[PDB]
Amino acid sequence: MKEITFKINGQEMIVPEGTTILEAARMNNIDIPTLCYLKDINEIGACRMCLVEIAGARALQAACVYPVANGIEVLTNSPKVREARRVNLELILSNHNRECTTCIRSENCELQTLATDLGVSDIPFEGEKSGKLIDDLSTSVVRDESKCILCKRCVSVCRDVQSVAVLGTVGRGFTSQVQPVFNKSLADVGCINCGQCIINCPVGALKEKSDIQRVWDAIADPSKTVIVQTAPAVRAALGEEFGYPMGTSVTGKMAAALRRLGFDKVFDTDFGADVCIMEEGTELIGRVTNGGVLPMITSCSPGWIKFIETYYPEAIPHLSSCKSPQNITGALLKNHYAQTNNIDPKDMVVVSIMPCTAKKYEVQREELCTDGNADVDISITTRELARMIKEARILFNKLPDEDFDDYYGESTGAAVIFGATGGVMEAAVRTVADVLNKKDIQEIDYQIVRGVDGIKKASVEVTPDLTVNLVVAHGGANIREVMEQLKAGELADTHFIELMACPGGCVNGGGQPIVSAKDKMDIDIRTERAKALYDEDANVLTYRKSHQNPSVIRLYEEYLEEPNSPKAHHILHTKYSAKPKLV
Amino acid sequence: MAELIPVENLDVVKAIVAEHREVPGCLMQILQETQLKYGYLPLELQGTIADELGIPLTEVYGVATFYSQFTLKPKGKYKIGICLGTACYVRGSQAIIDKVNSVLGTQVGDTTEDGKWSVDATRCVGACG
Amino acid sequence: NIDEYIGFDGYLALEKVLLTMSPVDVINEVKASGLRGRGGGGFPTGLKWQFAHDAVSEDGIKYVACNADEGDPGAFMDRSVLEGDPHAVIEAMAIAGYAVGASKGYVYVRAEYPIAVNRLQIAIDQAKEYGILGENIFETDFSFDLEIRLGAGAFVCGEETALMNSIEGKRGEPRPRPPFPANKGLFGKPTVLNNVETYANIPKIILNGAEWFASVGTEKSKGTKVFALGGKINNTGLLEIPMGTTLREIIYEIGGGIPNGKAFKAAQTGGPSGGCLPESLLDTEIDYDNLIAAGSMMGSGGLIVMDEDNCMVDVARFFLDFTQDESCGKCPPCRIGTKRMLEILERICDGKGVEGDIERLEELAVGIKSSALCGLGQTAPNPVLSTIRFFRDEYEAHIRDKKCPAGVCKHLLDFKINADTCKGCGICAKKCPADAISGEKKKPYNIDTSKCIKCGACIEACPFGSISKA
Ligand SMILES: Cc1cc2nc3c(=O)[nH]c(=O)nc-3n(C[C@H](O)[C@H](O)[C@H](O)COP(=O)(O)O)c2cc1C
Ligand code: SF4
Ligand code: SF4
Ligand code: SF4
Ligand code: SF4
Ligand code: SF4
Ligand code: SF4
Ligand code: SF4
Ligand code: FES
Ligand code: FES
Ligand SMILES: [Zn+2]
């Protein structure tokens, strides 16, 4: 490690080799504007915002990608720098459609914050913006080309982080635009509905498919009763919308606010989640005792199973036949609650507040229906629920707390930890150990693989006669790596591999509220969300295990008999088919 | 002049891939070589070549579009390129451009429906003397 | 023919250097020669050799590259030495590889030069037949290898970092500096980039000494420089003259004067990256420091001369049309500013502009000059800034008076017939598409300027040439 000495603006510093002047000034309490810069993701120098005077330099240099050097002098407040920033913002703003009353981003468009910050009132230079081509055809992602700034963040994210890379650049000059391949639509190619591309864009050129009109139409029907259900991870970040500090639980406030909307029933996805935990435990027991297809993987997140269908069909024996916890609880409410309440199943409308955006495509699937009836009707993301609350506009900061409904709102901590990565797998191994060997484990040690961060390996003795190999995976690149190893066959001994496309778990999902870059250089939002969720876990004083909850025991005794029954297979078990690829 | 290979014949494409796989930075070279053999390169050629390489279509399609000298649509029998160089410009080349537009009955950058005449704005061929 | 070059004291530089001269001594000789690159960057050549030599690579692998990708209109010297004598070309990089310790090099040529590409590979075969290319070069321990890379004439690829990615197979998109390609270049390894013309005099430096190269020329730049002379000139070709020759001599003593006795008005240097040199600077010493003080540079070495008959408004548009076409397109200046440059000008050509737009031009021109990443866009307004500095009053004719004195701006000129010569045959009336020409036979006709679109079909339709541009 080499030590570099540099002198800026009255202060000298020693830094390691590879240091950039930007985060060096950040550490030394100086801020420089950023558009195209992301920490360790997009470092190319296309933004052309961050100019600083360099001693001995013919012209200005961009501080974003500028490596430090020894003995240099840097001054950041010359008149040339200010004039260059003003003129360059005037140039770049002549393309972005200036009707900022109606952008979804609106208040936190980083371009708008820069525009106000530089105080550049006038725009002397006119122009002819590029062609307006609204791609309002796909299922989840909507693109608008009248806004895009060629920041290149979206393409870098979809190339590196997700290892999919269905976006590229075409043309030259004004003809240069970001497009999918073959001039098709997003849904016509192998897009995974990752949600990272829509969350990382600093302008609002991308938006999600809005179904709030359908929601208002559904709630407007007196003949239709509404069943709303909640994720464990909605209270992980929603408080950030209302100016609350990171890590606030508003669960009772959320229930009260949803009741003020006039929803007939409020409920949690937790109960069916415990049901499917019992499920995967049951076919674990079966595949152990019958030599089932191994290694086993879950079927929780729609995104990566979509990826497996699209790209690697050869692992289709390895998937779990179970349907998603969303799908489990949706079918459960549409059947058992309907039987108890003696109401026509078409007379219920079920709405879900989930953070994945891939569920928008997942609900559109033909085969996720029971008895020809829709298990769930409308799925919505956290951001658009927030805007629904804002258009209703109840002062959220003074709500009291409320409880959930019988029976399917009850909670357990091992099912609270669904929000973080591997909590599903933790609950599964804890429950199967409790069932088979009466073993009381709370946490599992994880082996961090050298050179790859985000992949986690574990192996704990479930029974003295059977030690189960455990692998955790989040991040599309990690999925690609572990799938390549699985095709190579070196994971033959492995038993469970848990996968989601979105890195860091659902707290880092596509439906989570938008955050800027500044807080990302400060604090990992994943870390604070995980701490808040784990603190919520430690406070669950009713049950830390799913199989001990009296509600799931009641349902199993009365209506579900045992898992892997013919009724259980017919209602909760499904098959998947490979999808045609257009790549 | 060797006959252009029909674009539906894909064994030649993968033969080219196999013989020039080992070469570093082979994308541009293979692209221009298939341009030479096939005459024009439709979209399924990017699809097939990227499937053989196993690397996504985005960069291949981009470098196909980023080089203006690479063609995606069928052209005419004869291409007419008029020198838009400065030495040709100062002589008054716009008069020649308008005369070509008048006689050809076709605008700049379009191929005649007969598939015989095409016009291009080559900036220089180098014979500025 | 390999026997021809060896009969003209060829390939003797490697014979001397591989046996007597150390790699460090070669850098000393070129530094003692005062050689500085003519590629446009204005960097001293021998100084570049230091940075590659002392830098340390992980695997002990270094690379060299040869830049033959000329794209300047009217500039053809780069191929000419290649198609004239590639044996001298390939000899140069052999000395370069010894000085740096690079065992393999790459040569980049456009594919639209079939005579150039075919000639070089024959020389590659002849060299490797005699043993020059390959291993144990001239019974020494030095082994050097070359590979041909076929470029496709992308002008933006002529940048230092830009061509590196083209060899790497990715998009020809420029990279910010630092790091310099001498430190982190091809495959992240130290690399040396030099154009063919500066490679040409390298054997003469070793064979005839640095003082001989120093014995001609001025102190800041020594030797001679070649240009592809062109434009409004009676005689076209190439000239090999030392720097400091005044601009008046090359037009008159060497060029023979303006063709047809026209009046010289302005001269283009450095192609689309340069500017206009009028009659006020016919006595300017042509070298590095004077021309950059006059707002231009050598570029690739293009010289175009203009006469009285050319309206400088249109040529300013014409050079600007180049920059908009060849933009790579990352930075907002070279992407958006070019049409911002453009959109003002044709309204001036069509008379749709208003007053004060000339000041608006200079406001953004200085801004993008200081804020362009790619080297092309930073030199984009230099032709425009050259015109406004000395030919400001021509625009006042167009913006205010709405006339083109050169009769070039089509939407601003008018047509008048010569009534004393016009027979009044009415053929122009038959050839007027907008029905602007009226009159009677044997009498000169009358024309409504407001009717015709000023297409100009009438002026050539006159058998006596009586229609004049007004
Ligand atoms: C856009 C662009 C195009 C260029 N084209 C050429 C060219 O065609 N021929 C050439 O010799 N140099 C060109 N250069 C300059 C080269 O970058 C490089 O400077 C030259 O090879 C080295 O000579 P130097 O020592 O003067 O830099 C170009 C630079 C830029 C930015
Ligand atoms: S970029 Fe979009 S959100 Fe930001 S100010 Fe412009 S229109 Fe509004
Ligand atoms: S969506 Fe538009 S502005 Fe955002 S990163 Fe992609 S190209 Fe840039
Ligand atoms: S949803 Fe995923 S695959 Fe589709 S563009 Fe966004 S990041 Fe890429
Ligand atoms: S992290 Fe959450 S949103 Fe992302 S794929 Fe997994 S379950 Fe879906
Ligand atoms: S000047 Fe700017 S826009 Fe033009 S090629 Fe260079 S970086 Fe790209
Ligand atoms: S310029 Fe054309 S339209 Fe006008 S009078 Fe002459 S022939 Fe007719
Ligand atoms: S200008 Fe020429 S064509 Fe027209 S009437 Fe006179 S002589 Fe005839
Ligand atoms: S913000 Fe510095 S180059 Fe992008
Ligand atoms: S000047 Fe004639 S082709 Fe360039
Ligand atoms: Zn004019």
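Cβ placement follows ideal geometry from the backbone for every residue including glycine, while neighbour counts extend to all protein chains displayed. Basis: the model, the stated rules and, where named, an outside source; no laboratory read-out is quoted.
Entry remark, region A:65-83: residues being closer than 27 Å to residue A:40 by Cα and at the interface with chain C (Cβ under 9 Å from one of its Cβ atoms) number 4 in total.
When each of A:497, A:448, A:479 is tested for being without any contact (Cβ under 8 Å) to a residue 60 or more places away in the chain and touching a strand residue (DSSP E or B) at 6+ places or on another chain (Cβ under 7 Å), the lone residue that passes is A:448. Annotation note: of A:168, A:127, the sole residue that is within 13 Å of another protein chain (Cβ to nearest Cβ) and in contact with a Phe, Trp or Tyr (Cβ under 7 Å, 6 or more places away or on another chain) is A:168.
I'd like to know if region C:61-73 contains one or more residues that are out of contact with any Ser or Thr (no Cβ under 9 Å at 6 or more places or on another chain), away from chain B (no Cβ under 14 Å), touching a residue at least 24 places away in the same chain (Cβ under 8 Å) and more than 16 Å from ligand 7 (Cβ to nearest atom). Yes, there is a match, as at least one residue in region C:61-73 is out of contact with any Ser or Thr (no Cβ under 9 Å at 6 or more places or on another chain), away from chain B (no Cβ under 14 Å), touching a residue at least 24 places away in the same chain (Cβ under 8 Å) and more than 16 Å from ligand 7 (Cβ to nearest atom). Among the conditions (1) crowded, with 22+ Cβ neighbours inside 10 Å; (2) touching a strand residue (DSSP E or B) at 6+ places or on another chain (Cβ under 7 Å); (3) polar (S, T, N, Q), residue C:284 misses just one, which is (1).
When restricted to residues that are within 17 Å of residue A:114 (Cβ to Cβ) and either within 11 Å of chain C (Cβ to nearest Cβ) or without any contact (Cβ under 8 Å) to a residue 60 or more places away in the chain (or both), region A:31-44 contains 4. Beta carbons closer than 8 Å, at least 6 apart along the sequence or on distinct chains, pair a first residue in region C:432-449 that is on the phi > 0 side of the Ramachandran plot with a second that is among the charged types (D, E, K, R) and within 10 Å of ligand 7 (Cβ to nearest atom) for C:435/C:451. Scoring residue A:217 on the criteria (1) within 16 Å of ligand 6 (Cβ to nearest atom); (2) without any contact (Cβ under 8 Å) to a residue 24 or more places away in the chain leaves a single failure, condition (1). Within region A:182-210, take every residue that is of a type in the set (D, E, K, R) and outside any strand (DSSP E or B) and give me the one that is nearest to ligand 1 (Cβ to nearest atom). Ranking the qualifying residues of region A:182-210, first place goes to A:184. The helices (runs of 4 or more DSSP H) located wholly in region A:444-540 that include 1 or more residues which are of a type in the set (S, T, N, Q) occupy A:476-488, A:525-538.
Sort out which residues of region C:112-143 are buried (at least 16 other Cβ atoms within 10 Å of the Cβ) and either without any contact (Cβ under 8 Å) to a residue 24 or more places away in the chain or of a type in the set (A, V, I, L, M) (or both), and write them in order of number. Scanning region C:112-143 gives C:116, C:117, C:120, C:123, C:124, C:127, C:132, C:133, C:137.
Region B:10-114 holds helices (runs of 4 or more DSSP H) entirely within its bounds, and those carrying 1 or more residues that are closer than 30 Å to residue A:189 by Cα and within 13 Å of chain C (Cβ to nearest Cβ) map to B:26-38, B:43-53, B:57-66. Based on this model, can you work out whether residue A:57 counts as within 13 Å of another protein chain (Cβ to nearest Cβ), away from ligand 4 (no atom under 16 Å from the Cβ) and either of a type in the set (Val, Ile, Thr) or not in a helix (DSSP H, G or I) (or both)? Yes, satisfied.
Restricted to region A:178-208, and to residues there that are in contact with a strand residue (DSSP E or B) (Cβ under 6 Å, 6 or more places away or on another chain) and closer than 18 Å to residue A:379 by Cα, the residue that is nearest to the other protein chains (Cβ to nearest Cβ) is A:198. Filtering A:114, A:133, A:75, A:93 for residues that are within 30 Å of residue A:194 (Cα to Cα) and surrounded by fewer than 18 Cβ atoms within 10 Å (Cβ to Cβ) leaves a single hit, A:133.
Take residue C:167 and tell me if it is under 30 Å from residue C:375 (Cβ atoms) and at the interface with chain B (Cβ under 10 Å from one of its Cβ atoms). So residue C:167 passes the test.
Only one of the numbered conditions (1) free of Cβ contacts under 8 Å to residues at least 24 places away in the same chain; (2) surrounded by fewer than 17 Cβ atoms within 10 Å (Cβ to Cβ) is violated by residue C:346, and that is (1). Quick check on residue A:22: is it hydrophobic (A, V, I, L, M, F, W, C), closer than 20 Å to residue C:177 by Cα and more than 10 Å from chain C (Cβ to nearest Cβ)? Considered against the rule, which asks whether it is hydrophobic (A, V, I, L, M, F, W, C), closer than 20 Å to residue C:177 by Cα and more than 10 Å from chain C (Cβ to nearest Cβ), residue A:22 comes out as yes. Looking only at region C:374-397, decide whether some residue is assigned to a loop (DSSP other than H, G, I, E, B), within 16 Å of ligand 11 (Cβ to nearest atom) and assigned by CATH to the domain that holds residue C:348. Looking through region C:374-397, at least one residue is assigned to a loop (DSSP other than H, G, I, E, B), within 16 Å of ligand 11 (Cβ to nearest atom) and assigned by CATH to the domain that holds residue C:348. Within region C:133-161, the set of residues being within 12 Å of chain B (Cβ to nearest Cβ) and either in contact with a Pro (Cβ under 6 Å, 6 or more places away or on another chain) or over 30 Å from residue C:20 (Cβ atoms) (or both) comprises C:148, C:149, C:150, C:151, C:152, C:153, C:154, C:155, C:156, C:157.
Would you please name the residue that is surrounded by the fewest Cβ atoms within 10 Å (Cβ to Cβ), looking only at residues in region C:315-337 that are facing chain A (nearest Cβ under 7 Å) and free of Cβ contacts under 8 Å to residues at least 40 places away in the same chain? Residue satisfying both the conditions and the ranking: C:324. In region A:230-241 there is no residue matching the filter, namely being of a type in the set (A, V, I, L, M, F, W, C) and within 14 Å of another protein chain (Cβ to nearest Cβ).
Within this structure, residue C:231 passes the test of being within 20 Å of the chain's Cα centre (by Cα), within 14 Å of another protein chain (Cβ to nearest Cβ), away from ligand 1 (no atom under 16 Å from the Cβ) and surrounded by 15 or more Cβ atoms within 10 Å (Cβ to Cβ).
Look at residue C:247 and say whether it is closer than 13 Å to residue C:303 by Cα and more than 14 Å from every other protein chain (Cβ to nearest Cβ). Judged against the criteria, residue C:247 is a match.
Cβ separations smaller than 8 Å between residues 6+ apart or across chains give the following pairs from region A:84-96 residues that are within 9 Å of chain C (Cβ to nearest Cβ) to residues that are aromatic (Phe, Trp, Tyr): A:90/A:125; A:91/A:125; A:94/A:125. Any residue at all in region B:119-127 that's away from chain C (no Cβ under 14 Å) and of a type outside the set (A, V, I, L, M, F, W, C)? No, every residue in region B:119-127 fails to be away from chain C (no Cβ under 14 Å) and of a type outside the set (A, V, I, L, M, F, W, C).
Does region A:100-115 include one or more residues that are touching a residue at least 24 places away in the same chain (Cβ under 8 Å) and closer than 26 Å to residue A:13 by Cβ? No, because not a single residue in region A:100-115 is touching a residue at least 24 places away in the same chain (Cβ under 8 Å) and closer than 26 Å to residue A:13 by Cβ. Does residue C:207 satisfy the criteria of being touching a helix residue (DSSP H, G or I) at 6+ places or on another chain (Cβ under 7 Å) and surrounded by fewer than 16 Cβ atoms within 10 Å (Cβ to Cβ)? For residue C:207, the condition - touching a helix residue (DSSP H, G or I) at 6+ places or on another chain (Cβ under 7 Å) and surrounded by fewer than 16 Cβ atoms within 10 Å (Cβ to Cβ) - is met.
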